[PDB]
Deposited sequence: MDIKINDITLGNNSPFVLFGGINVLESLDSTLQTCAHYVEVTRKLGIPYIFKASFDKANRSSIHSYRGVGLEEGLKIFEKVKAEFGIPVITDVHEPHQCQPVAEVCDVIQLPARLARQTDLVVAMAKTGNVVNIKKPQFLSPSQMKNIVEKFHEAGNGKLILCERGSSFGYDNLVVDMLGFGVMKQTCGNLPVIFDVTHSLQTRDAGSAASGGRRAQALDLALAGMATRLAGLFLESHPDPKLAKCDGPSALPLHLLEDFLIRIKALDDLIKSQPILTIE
């Protein structure tokens, strides 16, 4: 099943879409500057791009870390991003009451992994009728995603993206099961699957030392996921991977994606 996002077609048989941006919105000027870097690199390669940021992030690593400019100013920033660059945008919500006003502006709304079973939020997000990105909790098996999808369907919204972010592996933070992508596609009606490679490399479960040198293998992880035929890649980059590297990185991802997406799926 494909999802149309303005001009973009998002789907597991379509050219991959890049989701990226900044962690939290600070100001119009800082946002436009960072967005412009992604837009310039993606335009150089012809890759569809959706800008991501949080306006009120409730799960930062300290309780006084800045949560973002907030709903009213955040939406004004997102409006300007859409107008200036002509791209769609994506943000997370965590309060049911925020869903409707966010959905007036933001093309895709995101269901934080920790909240993925929270019924009042699921309903409120569903009722917006917007595209929704469902983050797969690290503690949920891929064959359980169908239950979250079922709740969205019960609440009347089928425009759903499934977002892989890794699975809990010992006290070693996260491992990504490359088979989980296929399990999701098969059980959830071939909804668009996207791969959050950045959060798959998170180390808040066990601390950074428990991940050893393994996180340096991030291009590899991205390539490996995209080899399984995916609608998109969710990826953070700042001058997260560095920006001199972003073009080189996307060249490799686009090469693989183009190769994969050009071949018919295996005969049956």
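Q: Please list, in sequence order, every stretch of the deposited sequence that lacks C-alpha coordinates.
A: Unmodelled stretches, in sequence order: 240 to 250, 280.
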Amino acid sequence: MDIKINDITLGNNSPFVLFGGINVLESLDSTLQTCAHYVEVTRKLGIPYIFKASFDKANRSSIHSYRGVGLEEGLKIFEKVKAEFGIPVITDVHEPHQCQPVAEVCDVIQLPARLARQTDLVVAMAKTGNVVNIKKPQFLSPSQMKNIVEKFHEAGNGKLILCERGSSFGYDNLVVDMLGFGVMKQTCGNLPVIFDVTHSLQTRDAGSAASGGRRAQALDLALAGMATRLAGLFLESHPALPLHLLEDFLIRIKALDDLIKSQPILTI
From here on, numbers count along this sequence of modelled residues.
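Q: With reference to the PDB entry, specify whether the mean Cα temperature factor is higher for 26 to 34 or for 52 to 60.
A: Higher mean C-alpha B-factor in the PDB entry: 26 to 34.
Q: 223 to 231 versus 201 to 209: which one carries the higher mean Cα B factor per the record?
A: Comparing averages over the C-alpha atoms only gives 201 to 209.
Q: When the CA B-factors of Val102, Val183, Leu162, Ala116 are compared as recorded in the entry, which is the largest?
A: Answer for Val102, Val183, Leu162, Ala116: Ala116, with the highest C-alpha B-factor.
Q: Check the PDB entry and point out which of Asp196, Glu154, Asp92, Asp177 has the largest C-alpha temperature factor.
A: Answer for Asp196, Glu154, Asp92, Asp177: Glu154, with the highest C-alpha B-factor.
Q: Lowest, middle or highest third: where is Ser167 by C-alpha B factor in its chain?
A: Ranked within chain, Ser167 CA B lands in the lowest tercile.
Q: Where does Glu72 sit by CA temperature factor within its chain: lowest, middle or highest third?
A: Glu72: CA B-factor falls in the middle third of its chain.
Q: For the chain shown, is the CA B-factor of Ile47 in the lowest, middle or highest third of its modelled residues?
A: Within its chain, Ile47 is a lowest-third residue by C-alpha B-factor, going by the deposited values.
Q: Split the chain's modelled residues into thirds by Cα B-factor; is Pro88 in the lowest, middle or highest one?
A: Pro88: CA B-factor falls in the lowest third of its chain.
Q: What third of its chain, lowest, middle or highest, does the C-alpha temperature factor of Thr128 fall into?
A: According to the entry, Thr128 has a C-alpha B-factor in the chain's middle third.
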